[PDB]
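Proteins get letters first, then strands, A, B, ... in listed order; numbering begins at 1 in each. Quick note: numbers below take in every heavy atom, side chains included, and nothing from hydrogens, waters or symmetry partners.
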Amino acid sequence: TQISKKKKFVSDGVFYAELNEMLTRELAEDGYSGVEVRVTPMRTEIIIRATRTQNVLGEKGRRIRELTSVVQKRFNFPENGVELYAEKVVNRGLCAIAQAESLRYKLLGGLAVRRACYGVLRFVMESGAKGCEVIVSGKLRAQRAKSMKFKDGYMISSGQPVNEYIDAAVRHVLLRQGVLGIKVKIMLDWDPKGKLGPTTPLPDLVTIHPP
Amino acid sequence: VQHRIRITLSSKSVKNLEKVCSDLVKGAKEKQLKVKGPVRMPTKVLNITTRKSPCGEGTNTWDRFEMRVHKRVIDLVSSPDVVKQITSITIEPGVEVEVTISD
Amino acid sequence: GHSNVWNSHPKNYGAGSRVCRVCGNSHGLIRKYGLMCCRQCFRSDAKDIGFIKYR
Amino acid sequence: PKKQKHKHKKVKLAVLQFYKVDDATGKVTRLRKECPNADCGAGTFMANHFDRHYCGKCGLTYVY
Amino acid sequence: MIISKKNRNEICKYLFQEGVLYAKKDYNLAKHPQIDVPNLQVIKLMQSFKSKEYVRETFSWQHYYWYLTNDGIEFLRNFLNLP
RNA sequence: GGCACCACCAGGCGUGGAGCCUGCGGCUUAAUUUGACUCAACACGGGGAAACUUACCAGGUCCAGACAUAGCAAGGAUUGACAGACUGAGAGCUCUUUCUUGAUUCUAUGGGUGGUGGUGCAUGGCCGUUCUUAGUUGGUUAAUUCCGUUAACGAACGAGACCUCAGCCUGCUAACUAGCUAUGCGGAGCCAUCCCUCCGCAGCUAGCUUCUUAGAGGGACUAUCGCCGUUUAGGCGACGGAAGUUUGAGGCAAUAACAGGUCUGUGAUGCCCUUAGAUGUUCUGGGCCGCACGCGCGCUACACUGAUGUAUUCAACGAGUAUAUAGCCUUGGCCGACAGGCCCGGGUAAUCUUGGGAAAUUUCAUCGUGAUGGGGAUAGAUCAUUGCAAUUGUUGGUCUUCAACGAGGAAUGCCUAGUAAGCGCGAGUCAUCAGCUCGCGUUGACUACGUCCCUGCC
Ligand SMILES: [K+]
Ligand SMILES: [K+]
Ligand SMILES: [K+]
Ligand SMILES: [K+]
Ligand SMILES: [K+]
Ligand SMILES: [K+]
Ligand SMILES: [Mg+2]
Ligand SMILES: [Mg+2]
Ligand SMILES: [Mg+2]
Ligand SMILES: [Mg+2]
Ligand SMILES: [Mg+2]
Ligand SMILES: [Mg+2]
Ligand SMILES: [Mg+2]
Ligand SMILES: [Mg+2]
Ligand SMILES: [Mg+2]
Ligand SMILES: [Mg+2]
Ligand SMILES: [Mg+2]
Ligand SMILES: [Mg+2]
Ligand SMILES: [Mg+2]
Ligand SMILES: [Mg+2]
Ligand SMILES: [Mg+2]
Ligand SMILES: [Mg+2]
Ligand SMILES: [Mg+2]
Ligand SMILES: [Zn+2]
Ligand SMILES: [Zn+2]
């Protein structure tokens with residue numbers, strides 16, 4: 001019954017990594033962006049961030065209860081010791097996973113890649129990202145594979161501020177000719193309130209108060 | 001009050017853990033309970049080093065992953081009631097609070 | 001009796017007894033801390049598991 | 001050649017080939033012992049072989 | 001495959017009771033963690049109930065996750081002899 | 001024209017020569033599975049394979065062939081099995097035998113499914129490389145770094161900034177899972193006591209935070225001085241300073257590429273092949289270790305600046321259990337020459353293992369220039385441990401055996417300070433096996449502060 005503090009934090013990390021994988025495979029076409037585990041004393045509340053928050057809930061919340069019971073039995077929680085919520089992703093344009101999946105379904109249907117990638121770019125920039133980049137790699141038109149980059153705006157690539165300012169995702173499209181790769185990198189703007197983007201300004205950015 | 005309470009706090013982040021600890025020691029010092037803490041245990045550094053290549057070709061380059069576990073111990077003298085009344089504020093995610101009653 | 005000669009070899013130990021918890025491959029398996037992931041799968045999920053590269 | 005597979009020996013109506021209810025009257029007259037094992041019921045016939053009483057549902061056996 | 005009526009009704013009662021099922025890819029578990037049937041029979045019967053649209057199947061991290069569909073809640077209530 | 005110890009210079013330590021370890025080729029083989037071949041293959045696939053892994057070989061099983069269609073079928077579709085035979089087999093595998101079982105199946109067609117099967121020259125992702133270079137007139141810089149010249153100016157990515165670790169703080173915050181100091185008591189010494197010295201124990205009312213920890217901050221900016229420099233940008237020297245070599249070391253890391261590697265990481269994958277006498281799966285056994293030979297990374301040496309046997313005493317990084325009689329790390333006691341065993345327990349851990357009782361080093365003695373008490377390959381006997389299993393020696397011991405090697409040709413590698421080199425420890429792999437990698441500390445230099453001579457790049 002006694003579990004080390006090391007074994008426990010590794011177990012929480014592995015549980016998070018597995019939950020998100022099964023939700024990514026299950027709530028795929030619901031716009032699943034991410035999951036926020038929150039272990040409260042009574043229950044381990046689990047918040048799901050998605051775009052179709054009526055498709056994950058289901059008819060009278062049947063799907064969400066099915067997922068809540070599957071998580072309880074599979075992960076071995078105490079009964080009523082886990083409750084899966086489902087919130088709304090505030091800004092879908094500023095999420096690279098939401099746009100990666102949107103571009104996935106915009107290509108599974110059959111739309112031309114050069115027209116859906118620029119559409120994703122358009123939506124991201126109207127959403128407010130300081131810069132966005134899309135990469136499409138695979139057998140796009142011919143048998144030889146090539147990589148088409150779709151960059152617009154300002155994008156940093158090196159240093160620590162990358163893992164604060166760059167929201168990125170990597171998704172496959174399972175097409176008839178093979179697998180198509182999608183790398184979406186969205187560069188966020190500095191939000192003083194820390195909602196739309198980082199709260200810490202970029203290190204090189206200097207502001208001089210006017211006299 | 002009567003008994004001796006050891007609250008162990010663990011986390012993977014320093015700021016959340018420290019602000020939770022500050023909340024606990026502030027609540028303890030408002031209700032006039034003597035508080036010994038926060039006492040910072042040596043940080044545990046969980047390290048994984050693996051070959052970045054998914055195969056055996058190229059320069060054998062190694063990425064070193066680290067998980068840092070930070071442990072805080074707070075020692076009050078009181079009754080269980082005030083202890084669970086204090087450790088009922090919004091404990092931030094990632095912080096593992098653990099209350100143990102001593103003699 | 002076929003059930004006593006099917007999976008009849010002991011799996012108490014050995015590399016062919018532990019598998020990746022994400023893929024079931026038995027090679028390059030990191031058993032440290034109870035991770036039970038393969039090298040490739042841990043390198044992919046490390047951020048989710050909570051391992052940060054600082055050095 | 002290809003090792004052939006055991007095929008279930010098929011005896012037409014072995015239940016008719018079991019009891020001896022004849023000579024008018026009313027004598028079921030079993031012709032093979034019913035295995036003693038409790039779980040094995042009374043309609044569970046212990047086959048007899050050239051030298052053994054074998055119950056098919058379990059393994060109870062008797063040679064002679 | 002050949003699954004006794006006892007085991008079949010066993011996995012079909014639990015599925016209707018909860019509406020969901022799970023298993024690990026382990027064809028020699030010899031006992032499902034909940035149903036007193038080995039993992040092989042649960043996995044194979046769930047694959048049948050799925051080729052019939054009687055469930056939805058998602059595989060993730062070496063584990064199966066099955067969800068009864070609306071056709072499944074009909075066929076199970078017909079099969080289990082009771083609502 | 002520049003730059004760079006993956007170039008040289010001045011050197012240090014090497015490798016290449018020897019024995020052995022390991023990887024690659026070749027040969028042999030039933031198979032000795034295979035990918036990778038200049039940098040950018042060759043202790044690489046975290047690839048230290050007894051079984052599994054395993055892809056290979058010799059065999060034996062099993063269906064884990066959904067679903068749809070058509071048949072066979074309660075006068076039974078089908079299933080399991082005692083004994084004997086068969087079998088490597090206590091696989092009813094098959095056969096004899098005759099019970100048992102009950103629409104789950106079975107037979108045929110489609111359709112599926114699995115595949116460490118092919119294709120990395122179909123692909124994704126990832127990774128390696130070009131290149132961590134600095135890229136996308138001139139001076140200076142680590143730098144497309146700045147200055148300066150100017151039909152360019154102003155920007156952006158990259159570089160730096162940033163992040164982490166380390167270095168400083170007698171300031172701050174705080175410690176019964178860290179200590180110090182004092183007090184009290186006890187032990188020993190001296191001789192008693194006292195004092196002094198060295199110890200042990202106690203006190204959440206003994207104080208405190210120097211030492212330990214870990215948070216917050218501070219701190220260096222080339223700041224000050226001289227000189228040089230267009231008197232700029234910068235460089236050299238000097239004081240002070242913990243730090244003056246953007247303080248050291250990393251992490252991250254542009255554009256564009258390569259038919260670079262990976263389909264044997266992936267329930268990532270298109271296509272092709274196979275799919276029940278299977279390239280699926282499982283079980284047994286073998287192989288992946290095979291040995292005229294070639295090559296690469298290494299370990300151990302060639303000794304006295306040493307070996308051996310005493311004495312002696314300094315780290316750091318990290319790791320650790322399901323408690324079931326007990327699983328992991330093991331303390332203490334006992335038995336045992338060792339190997340190991342037995343018995344009480346602690347620890348899910350700054351609490352117990354562990355103040356981590358590391359070695360090199362130090363000290364004394366022996367040896368005495370002798371392949372010698374250097375070296376320890378090979379080999380015999382034997383005893384233990386891991387394991388289901390140790391043979392083709394898992395490993396660890398005991399006694400014995402005592403090879404080459406006396407510093408290594410032509411070549412060629414790495415390295416500018418707590419660095420090289422030496423020394424040991426921890427972790428990963430792991431039931432057992434570390435001559436390997438990834439970390440750690442201990443001891444601790446020589447030489448240079450340049451150049452384009454070679455090699456490469458621009
Ligand atoms: K040499
Ligand atoms: K190598
Ligand atoms: K590739
Ligand atoms: K691959
Ligand atoms: K393929
Ligand atoms: K793997
Ligand atoms: Mg940088
Ligand atoms: Mg030289
Ligand atoms: Mg040699
Ligand atoms: Mg083998
Ligand atoms: Mg085998
Ligand atoms: Mg196979
Ligand atoms: Mg496969
Ligand atoms: Mg290629
Ligand atoms: Mg201090
Ligand atoms: Mg090629
Ligand atoms: Mg090999
Ligand atoms: Mg000595
Ligand atoms: Mg000699
Ligand atoms: Mg010797
Ligand atoms: Mg071995
Ligand atoms: Mg080891
Ligand atoms: Mg060279
Ligand atoms: Zn894996
Ligand atoms: Zn019977």
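Across all strands shown, F:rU105 forms no Watson-Crick or G-U wobble pair with both key distances under 3.5 Å. When both distances must be under 3.5 Å, the Watson-Crick or G-U wobble mate of F:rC208 is F:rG179. Across the strands present, F:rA49 finds no partner; the criterion is a Watson-Crick or G-U wobble pair with both atom distances under 3.5 angstrom. Summarising the base pairing, F:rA381 is matched to F:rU398 through a Watson-Crick or G-U wobble pair whose two defining distances lie under 3.5 Å. Both distances falling under 3.5 Å, in either a Watson-Crick or a G-U wobble arrangement, place F:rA166 opposite F:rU247. For F:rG184, the paired nucleotide is F:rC201, the pair qualifying as Watson-Crick or G-U wobble because both relevant distances are below 3.5 Å.
The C1' atoms of F:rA143 and F:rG135 are separated by 10 Å, rounded to the nearest whole Å. One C1' atom belongs to F:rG347, the other to F:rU177, and the distance between them is 12 Å to the nearest Å. For the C1' atoms, the distance linking F:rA358 with F:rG409 amounts to 41 Å, nearest Å. When the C1' atom is compared between F:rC343 and F:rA206, the two are found 43 Å apart, to the nearest whole Å. With both ends at atom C1', the span from F:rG125 to F:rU136 equals 26 Å, rounded to whole Å. Between the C1' atoms of F:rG435 and F:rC163, the separation comes to 39 Å (whole Å). Remark: the separation of the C1' atoms in F:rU133 and F:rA257 is 15 Å, to the nearest Å.
When the side-chain nitrogen and oxygen atoms of B:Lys36 are compared with OP1 and OP2 of F:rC176, one or more of them lie within a distance under 4.0 Å. Contact between the side-chain N/O atoms of C:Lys32 and the OP1/OP2 oxygens of F:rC430 is not found at any separation under 4.0 Å. For D:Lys10, no side-chain nitrogen or oxygen approaches OP1 or OP2 of F:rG76 to under 4.0 Å. Using a 4.0 Å cut-off, some side-chain N or O of A:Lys6 falls inside it from OP1 or OP2 of F:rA319. When the side-chain nitrogen and oxygen atoms of C:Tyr33 are compared with OP1 and OP2 of F:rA319, one or more of them lie within a distance under 4.0 Å. C:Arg18 has a side-chain polar atom (N or O) that falls below the 4.0 Å cut-off from OP1 or OP2 of F:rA431. Distances shorter than 4.0 Å separate some side-chain N or O of C:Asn12 from OP1 or OP2 on F:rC388. Considering only side-chain N and O atoms, A:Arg25 lies under 4.0 angstrom from the phosphate OP1 or OP2 of F:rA268. For the OP1/OP2 pair of F:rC127 and a distance below 4.0 Å, the side-chain nitrogens and oxygens of C:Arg43 include at least one atom meeting the criterion. Residue A:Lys183 places at least one side-chain N or O under 4.0 Å from the OP1 or OP2 atom of F:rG125. Side-chain N/O atoms of B:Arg40 include none lying less than 4.0 angstrom from OP1 or OP2 on F:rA175.
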Worksheet entry | Check against side chain to side chain contact (heavy atoms under 4.5 Å, CB included), B:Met67 and B:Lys12 | CA-CA 7 Å; B:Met67 200 216 276; B:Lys12 274 126 109 153; 3.6 Å; yes
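Separation of atoms NZ (D:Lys33) and SG (D:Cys55) is listed at 13.0 Å; rounding is to 0.5 Å. Between A:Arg171 atom CZ and A:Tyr105 atom OH the span is 9.0 Å, to the nearest 0.5 Å. B:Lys44 NZ to A:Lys6 NZ: the interatomic distance, rounded to the nearest 0.5 Å, is 7.0 Å.
Looking at heavy-atom distances under 4.0 Å, A:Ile156 makes contact with sugar-phosphate atoms alone, never a base. Within 4.0 Å of C:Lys53, counting heavy atoms only, lie sugar-phosphate atoms of the nucleic acid but no base atom. Residue contacts shown for C:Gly24 are absent, as no nucleic acid heavy atom lies under 4.0 Å away. B:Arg64 comes within 4.0 angstrom of the backbone, heavy atoms only, and of no base. Across all strands, D:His53 comes closer than 4.0 Å to no nucleic acid atom at all (heavy-atom distances). Residue contacts for E:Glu57: at a heavy-atom cut-off of 4.0 Å it reaches a base atom on one of the strands shown. Using a 4.0 Å heavy-atom distance criterion, B:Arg72 is classed as a sugar-phosphate-only contact. D:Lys5 comes within 4.0 angstrom of the backbone, heavy atoms only, and of no base. Heavy atoms of E:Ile2 sit under 4.0 angstrom from primed sugar atoms or phosphate atoms, though from no base atom. Nucleic acid contact for B:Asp63: none, since no nucleic acid atom lies under 4.0 Å from a heavy atom of the residue.
Base stacking between strand neighbours F:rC176 and F:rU177 is absent under the criterion of six-membered ring centres closer than 5.5 Å and ring planes inclined by less than 30 degrees.
The side chain of C:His9 sits closest to F:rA51 out of F:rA51, F:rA256, F:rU129. Nearest nucleotide to the side chain of B:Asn60, out of F:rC44, F:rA175, F:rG215: F:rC44. Comparing F:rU282, F:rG265, F:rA249 against the side chain of C:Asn7 picks out F:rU282 as the nearest.
Taking the six-membered ring where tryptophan is involved, the planes of E:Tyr64 and E:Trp66 are essentially parallel, since the angle between them stays under 30° and well short of 60°.
For the pair E:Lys44 and E:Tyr27, the cation sits on the ring face: its NZ or CZ lies under 6.0 Å from the ring centre, inside 45° of the axis. B:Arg68 forms no cation-pi arrangement with C:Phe51, by the criterion of a distance under 6.0 Å to the ring centre and an angle within 45° of the ring axis.
In textbook terms, a nucleotide whose glycosidic angle is within 90° of 0 is syn, while F:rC147, being further out, is anti. Taking the syn range as angles within 90° of 0, the glycosidic angle of F:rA292 is syn. The glycosidic torsion of F:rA350 lies more than 90° away from 0, placing the base in the anti range.
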Pairwise N/O distances under 3.5 Å, protein to nucleotides 98-102 of chain F:
residue : atom : partner : partner atom : Å
F:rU98  : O4'  : D:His49 : ND1          : 3.1
F:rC99  : OP1  : D:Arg32 : NE           : 2.6
F:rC99  : OP1  : D:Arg32 : NH2          : 2.6
F:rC99  : OP1  : D:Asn48 : OD1          : 3.4
F:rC99  : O3'  : D:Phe45 : O            : 2.7
F:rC99  : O2'  : D:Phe45 : O            : 3.3
F:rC99  : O2'  : D:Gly56 : N            : 2.5
F:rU100 : OP1  : D:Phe45 : N            : 2.8
F:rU100 : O4   : D:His8  : NE2          : 3.0

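Once the 5.5 Å centre distance and the 30° plane angle are applied, the aromatic ring of E:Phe59 is found stacked with the base of F:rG267.
Judged by Watson-Crick and G-U wobble geometry, where both atom pairs must sit under 3.5 Å apart, F:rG110 and F:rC438 do not count as a base pair. Between F:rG373 and F:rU213 there is no Watson-Crick or G-U wobble pairing whose two distances both come in under 3.5 Å.
Nucleotide F:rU331 carries a north sugar; the sign of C1'-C2'-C3'-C4' is positive. For F:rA407, the sugar pucker falls south, since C1'-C2'-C3'-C4' comes out negative.
You'll find the side chain of D:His53 reaches within 4.5 Å of the side chain of D:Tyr64, heavy atoms only. Contact check for A:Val14 versus E:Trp61: side-chain heavy atoms found under the 4.5 Å cut-off.
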